[PDB]
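Residue numbers (UniProt numbering), protein chains in the order written: chain A, 4 to 105, 127 to 217; chain B, 4 to 105, 127 to 217. First the structure, in the form of structure tokens, and then the observations on it.
Protein chains: 2
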Amino acid sequence: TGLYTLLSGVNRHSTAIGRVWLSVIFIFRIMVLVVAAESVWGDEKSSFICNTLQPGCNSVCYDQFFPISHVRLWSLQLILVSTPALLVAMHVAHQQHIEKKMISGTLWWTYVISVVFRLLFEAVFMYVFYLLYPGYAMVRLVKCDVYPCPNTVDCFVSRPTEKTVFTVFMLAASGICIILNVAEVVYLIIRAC
Amino acid sequence: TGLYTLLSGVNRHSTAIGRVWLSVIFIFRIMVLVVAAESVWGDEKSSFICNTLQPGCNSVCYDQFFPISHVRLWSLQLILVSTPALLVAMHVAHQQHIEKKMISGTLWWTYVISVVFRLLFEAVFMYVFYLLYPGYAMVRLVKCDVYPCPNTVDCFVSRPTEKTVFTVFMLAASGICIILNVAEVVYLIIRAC
């Protein structure tokens, strides 16, 4: 869990919000993603079927309706969100090594910049999820007319309801993280002056 | 066999060529067609297969390469060739009935016109066979690119060699019939003057 708290962005300049609340939500998202990765999204493509005899229609319809899986989007979001925290940690380690082999304002500015970047990454991933999948709910039946499928064919999705439940969980966690990051930057600015 | 000789065109004005030679060739063609109709052309479409998974490609390729079967063409040719003979026979019966209830030149002209029409029908059927199937030989493998078949597919024909043999027999018989009809009209014209 120490690696997770390091990836969250815990810093010596962090207040209570960034040290005890943001890290817990980060670990919660990690755990939910680990639980839901291969259990429920494992057979997303192998169980995807369409009512047709046309060869190759299943693959093209699946690619049309799922350009990128939800789990991969969440994994990329977590990696990109955790990147600035470890960047700051490596910078701190470099500064301490330089001190050993031989100010606070630089640390403060680095922390606020990293928090802003985390907020930006979370916001852009929320926006791209909204673009790709406008509704939080997943439907049982989809209509596909991509070549080489003739006319329009019916295709059926695996586990729509469980995927909807996990999507709601993940979106709520991301929204809470965005709100907490905004509160963190506002609190730091207020404490500055 | 009497019905066959009636359908050949035997008339009281017929010479030896039309009475003993043409009728025999007509009966020979009838017998060969009866032998070859369903024995060798029976499974022409059910055994026609193509190397593909595309639904509907077998039927469209068969229709593209065999617009009308050889056996049906020969049957239509025989029916149309035999039509003028029975037309003449019915006209003779009508004339005899009119005589009973109450010249030779009319009979002579009707006979020559019927022979000319038989020659024309045989010639046009030979020409249409040449148009549809330029080569007398049938090939084992054909290349088909008709929609919905993707790209070009290989399709295989049933009994190409036996069909080639029977085609040669039928074409030779038809050519002999054409030559005999031309000889008949020339001989009748010569005897006229």
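All C-beta atoms in this analysis are idealised placements derived from N, C-alpha and C, irrespective of residue type, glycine included.
With 16 as the cutoff for other CB atoms within 10 Å, does residue 176 of chain B come out buried or exposed?
The residue is exposed, with fewer than 16 neighbouring Cβ atoms inside 10 Å.
Starting from residue 29 of chain B and walking both ways along the alpha helix (DSSP H), at which residues does that stretch end?
Start and end: 25-43.
First and last residue of the beta strand (DSSP E) that includes residue 168 of chain A?
Counting along the chain, the beta strand (DSSP E) containing residue 168 of chain A begins and ends at 165-168.
Comparing C-alpha positions only, which one of B:21, B:212, B:200 sits nearest to residue 88 of chain B?
Nearest C-alpha to residue 88 of chain B: B:21.
Assuming the contact rule is C-beta atoms closer than 8 Å, residue 83 of chain A and residue 29 of chain A should be a hit. Round their C-beta distance to whole Å, please.
At roughly 13 Å, the Cβ-Cβ gap does not stay under 8 Å, so residue 83 of chain A and residue 29 of chain A are not in contact.
Taking 8 Å as the cut-off, decide whether the C-beta atoms of residue 172 of chain B and residue 57 of chain B are in contact.
Closer than 8 Å, so yes.
Run the CB neighbour count on residue 103 of chain A, radius 10 Å, all protein chains shown included, and call it buried at 16 or more, exposed below.
Per the 10 Å Cβ criterion, exposed.
Using the Cα positions of residue 91 of chain A and residue 138 of chain A, report the straight-line distance between them to the nearest angstrom.
Taking the straight line from one Cα to the other gives about 7 Å.
In chain A, which residues lie with their C-beta within 8 Å of the C-beta of residue 155 of chain B?
Result: empty, since nearest Cβ-Cβ is about 34 Å, beyond 8 Å.
So residue 125 of chain A is in the beta strand (DSSP E); what residue range does that whole segment cover?
Absent here is residue 125 of chain A, because the residues of chain A run from 105 on to 127 with nothing modelled in between.
Since residue 102 of chain B is in the alpha helix (DSSP H), which residue starts that stretch and which ends it?
Residue 102 of chain B -> alpha helix (DSSP H) spans 73-104.
Quick one: residues in its chain with C-beta nearer than 6 Å to the C-beta of residue 65 of chain B, no 5 flanking neighbours on either side, listed in chain order?
Within the same chain, residue 65 of chain B has close Cβ partners 48, 51.
Helix, strand or coil, according to DSSP, for residue 52 of chain B in the structure here?
It is a strand residue.
If we count Cβ pairs, one from each stretch, closer than 8 Å, do we get three or more for the region 185-194 of chain B versus the region 7-16 of chain B?
No, because fewer than three Cβ pairs between the region 185-194 of chain B and the region 7-16 of chain B fall closer than 8 Å, the two stretches do not touch.
Take residue 55 of chain B as the anchor and find which of B:169, B:95, B:4, B:134 has the nearest alpha-carbon.
Per the Cα distances, B:169.
Using the rule of at least 16 other Cβ atoms within 10 Å of the residue's Cβ for burial, across every protein chain shown, is residue 133 of chain B buried or exposed?
Exposed, because fewer than 16 other Cβ atoms sit within 10 Å of the Cβ of residue 133 of chain B.
Does the region 153-168 of chain A come close enough to the region 179-187 of chain A that 3 or more CB-CB pairs lie under 8 Å?
Yes: at least three Cβ pairs fall under 8 Å.
To the nearest angstrom, report how far apart residue 33 of chain A and residue 77 of chain A are at their CA atoms.
If I take the Cα positions, the gap works out to 9 Å.
Using a Cβ-Cβ cut-off of less than 8 Å, list which residues of the region 47-69 of chain B approach chain A; keep chain order.
Of all residues in the region 47-69 of chain B, 56, 57, 58 have a Cβ within less than 8 Å of some Cβ in chain A.
What's the call for residue 85 of chain A, buried or exposed, on a 16-neighbour Cβ count within 10 Å?
The residue is buried, with at least 16 neighbouring Cβ atoms inside 10 Å.
My guess is that residue 44 of chain B and residue 72 of chain B are in contact by the Cβ rule of under 8 Å, so how many angstroms apart are they, rounded?
That belief holds up - the Cβ atoms of residue 44 of chain B and residue 72 of chain B are roughly 6 Å apart, short of 8 Å.
Would the beta-carbon of residue 96 of chain B fall within 8 Å of that of residue 74 of chain B?
In this structure, residue 74 of chain B does not lie closer than 8 Å to residue 96 of chain B by Cβ.
Please work out which residues of its chain come closer than 7 Å, Cβ to Cβ, to residue 24 of chain A, disregarding the five sequence neighbours upstream and downstream, and give them in chain order.
These residues qualify, in order along the chain: 204.
Could you pull the start and end residues of the alpha helix (DSSP H) that residue 137 of chain A belongs to?
Unbroken alpha helix (DSSP H) run through residue 137 of chain A: 128-156.
Confirm, please, whether the CB-CB distance from residue 198 of chain A to residue 105 of chain A is below 8 Å.
No.
Do the CB positions of residue 147 of chain A and residue 202 of chain A come within less than 8 Å of each other?
Cβ distance < 8 Å, so residue 147 of chain A and residue 202 of chain A count as in contact.
Put residue 13 of chain B into one of helix, strand or coil per three-state DSSP.
If DSSP states are grouped into helix, strand and coil, residue 13 of chain B belongs with coil.
So what's residue 66 of chain A in DSSP terms, helix, strand or just coil?
Helix.
Could you name the residues of the same chain whose beta carbon sits closer than 6 Å to that of residue 101 of chain A, not counting the 5 residues immediately before and after it, in chain order?
Cβ within range, chain order: n/a, list empty.
Where does residue 118 of chain B sit, in a helix, a strand or coil, going by DSSP?
Examination of chain B shows a numbering gap from 105 to 127; residue 118 of chain B is inside it and therefore has no coordinates.
Thinking C-beta only, is residue 136 of chain B closer than 8 Å to residue 38 of chain B?
No. Outside cutoff.
Taking all protein chains shown into account, do 16 or more other C-beta atoms lie within 10 angstroms of the C-beta of residue 142 of chain A, making it buried, or fewer, making it exposed?
Buried: at least 16 other Cβ atoms inside 10 Å.
Would DSSP call residue 18 of chain A helix, strand or coil?
Here residue 18 of chain A sits in coil by DSSP.
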